[PDB]
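Below is one structure, written out as structure tokens; comments come after it.
Quick note: residue numbers are just sequence positions, from 1.
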Amino acid sequence: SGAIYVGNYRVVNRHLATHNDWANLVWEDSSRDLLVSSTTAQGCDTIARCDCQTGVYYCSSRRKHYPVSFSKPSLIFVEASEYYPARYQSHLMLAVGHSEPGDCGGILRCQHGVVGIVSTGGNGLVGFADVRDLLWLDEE
Ligand SMILES: NS(=O)(=O)c1cnc2cccnn12
Ligand SMILES: NS(=O)(=O)c1cnc2cccnn12
Ligand SMILES: [Zn+2]
């Protein structure tokens with residue numbers, strides 16, 4: 001689990017979005033596993049605007065933050081998970097690291113702020129859904 005809280009926006013994995021998230025929907029993309037909903041109180045997180053390929057992610061299944069190198073956001077084939085079938089996911093970054101289904105929502109962060117959230121796992125890789133292209137998160 002986990003979300004990004006930026007302004008009056010809540011960024012979550014689409015597959016973990018709640019009824020309240022859908023009832024307060026701003027934007028969702030199944031191909032990216034992202035959903036954004038509205039908040040009443042303002043959030044504590046800042047979005048990275050950058051092309052960093054190094055950062056740190058939170059892994060709930062180790063209760064540890066790991067420094068990782070990660071690929072730039074691409075269209076990647078993902079094998080079947082407890083929450084998705086084998087399919088192609090867009091705006092996905094991969095790193096070598098531990099990721100189980102419950103680790104989805106963990107933040108990846110660089111020196112500029114929040115890069116993305118854990119979205120995929122298996123075979124010793126962790127995949128993160130990028131949010132740095134979503135400039136509209138910073139306003140309105
Ligand atoms: N490496 S860690 O201390 O962050 C850790 C590993 N396993 C647990 C269980 C509870 C709390 N912390 N914890
Ligand atoms: N990725 S994070 O910095 O927001 C984080 C730190 N500790 C937890 C526990 C659950 C979800 N997320 N989380
Ligand atoms: Zn950065």
Show the nearest heavy-atom pair for residues [X] and [Y], with the distance to one decimal.
X	Y	answer
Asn8	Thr40	OD1-O, 2.9 Å
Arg132	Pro73	NH2-CD, 3.8 Å
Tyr83	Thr120	OH-CA, 3.8 Å
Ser60	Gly102	OG-O, 3.4 Å
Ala3	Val12	CB-CG1, 3.5 Å
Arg49	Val131	NH1-O, 3.5 Å

Look at the rings of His65 and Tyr58 and say which category their plane angle falls in: under 30° parallel, 30 to 60° tilted, over 60° perpendicular.
tilted
Under a 4.5 Å side-chain heavy-atom rule over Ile, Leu, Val, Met, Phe, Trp and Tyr, are [X] and [Y] clustered together?
X	Y	answer
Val56	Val68	no
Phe128	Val96	no
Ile107	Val11	yes
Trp136	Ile47	yes
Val6	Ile117	yes

In the structure I gave you, are the side-chain heavy atoms of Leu134 and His91 within less than 4.5 Å of one another anywhere?
no
Between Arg62 and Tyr66, is NZ or CZ placed under 6.0 angstrom from the six-membered ring centre and within 45° of the ring axis?
no
If you measure only the distance, is there a donor-acceptor pair under 3.5 Å linking the side chains of [X] and [Y]?
X	Y	value
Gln89	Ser119	yes
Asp33	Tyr84	yes
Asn20	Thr18	no

If you round to the nearest 0.5 Å, how far is [atom2] of [Y] from [atom1] of [X]?
X	Y	atom1	atom2	value
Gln53	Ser71	CD	OG	7.0 Å
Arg87	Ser81	CZ	OG	8.0 Å
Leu34	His15	CG	NE2	11.0 Å
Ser99	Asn123	OG	CG	11.5 Å
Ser37	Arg10	OG	CZ	5.5 Å
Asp45	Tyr9	CG	OH	15.0 Å

Taking atom CZ of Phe77 as the centre, does the number of heavy atoms from other residues, nucleotides or ligands within less than 6.0 Å exceed 12?
yes
